[PDB]
Amino acid sequence: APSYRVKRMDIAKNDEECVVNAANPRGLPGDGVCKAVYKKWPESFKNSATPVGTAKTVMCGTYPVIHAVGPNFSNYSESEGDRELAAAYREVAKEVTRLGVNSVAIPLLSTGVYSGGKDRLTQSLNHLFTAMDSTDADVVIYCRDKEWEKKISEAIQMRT
Ligand SMILES: COC(=O)c1nc(=O)[nH]c2ccccc12
């Protein structure tokens, strides 16, 4: 029976069969979540470029890294950002399904330096659920904040 779970830890130390990188559309290393991911799976950055609202898988040995590009809300309108954020999660669901994995480690896309300085915990998490509800993978959501951990945990709890 597939679960959602949340872990307050470095996604680069995930115990899942594949990882989602919070990527830039240029396929560049970056800083934060992308940094740790670059350090752990640097070969996965070969031709990792993919447009905003898309996801592209690059293998690191046999370990899949799914580079998912949420929108930078600084650059987008609220309505266009929302569309691109939903689309990115949909493409994650497709790659997870295509790869046949039993589990996936996923961050909340567009909630850090791409948030346009807004709290998008609820917006981003609900787009993740919409996409991942049609898959059979165990989903483990990674965050850093102690609060976010609690709010994500409660939103998981009150669907079950
Ligand atoms: C995960 O939190 C973010 O703000 C974020 N989301 C992305 O979808 N791509 C990124 C790329 C570089 C930096 C941050 C991001």
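Note that the numbering runs from 1 along the sequence shown for the chain. Excluded from the calculations below are hydrogen atoms, water molecules and symmetry mates; all remaining heavy atoms, backbone and side chain alike, are included. Order of listing sets the numbers, starting from 1, for every ligand and every atom in it.
For atom 3 (C) of ligand 1, the closest non-hydrogen atom of the protein is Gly112 N, 3.4 Å.
We find that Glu149 and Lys146 are not joined by a salt bridge, their nearest charged nitrogen and carboxylate oxygen being 4.0 Å or further apart. Between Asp10 and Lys35 there is no salt bridge, since no side-chain nitrogen of the basic residue lies less than 4.0 Å from a carboxylate oxygen of the acidic one. A salt bridge links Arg83 to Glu80: one of the charged nitrogens lies within less than 4.0 Å of a carboxylate oxygen.
Here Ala23 has backbone heavy atoms under 4.0 Å from ligand 1, and that is the only part of it that gets that close.
Distances between N or O atoms of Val113 and those of ligand 1 include at least one value under 3.5 Å. Where the criterion is an N or O separation shorter than 3.5 Å, residue side chain and backbone included, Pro107 fails it with respect to ligand 1. Looking at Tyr114 next to ligand 1, an N or O pair under 3.5 Å apart turns up.
Of all the atoms in ligand 1, the ones that sit under 4.0 Å from a non-hydrogen atom of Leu109 are 6 (N), 8 (O). Less than 4.0 angstrom separates some heavy atom of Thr111 from each of these atoms of ligand 1: 2 (O), 3 (C), 4 (O).
Cluster membership for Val139 and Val20, using ILVMFWY side-chain heavy atoms within less than 4.5 angstrom, is shared.
Within the 4.0 Å heavy-atom shell around ligand 1 one does not find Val33. Heavy atoms of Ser110 approach ligand 1 to within less than 4.0 angstrom.
Atom CZ of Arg26 has 12 or fewer heavy atoms from other residues, nucleotides or ligands within 6.0 Å.
Here atom 8 (O) of ligand 1 lies nearest to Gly70 when heavy atoms of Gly53, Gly70, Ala22, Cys143 are compared. In the candidate list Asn24, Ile106, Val69, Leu108, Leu108 is nearest to atom 1 (C) of ligand 1, counting heavy atoms.
Not counting sequence neighbours, the partners of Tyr4 by the ring-ring contact (aromatic ring centres under 6.0 Å, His included) test are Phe129.
With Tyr142 as reference, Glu16 is the one residue of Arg8, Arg5, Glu16, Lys13 to meet the side chain to side chain donor-acceptor pair (under 3.5 Å) rule.
Between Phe45 and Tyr38, the ring planes are perpendicular. Angles over 60° get that label, and only those under 30° would be called parallel.
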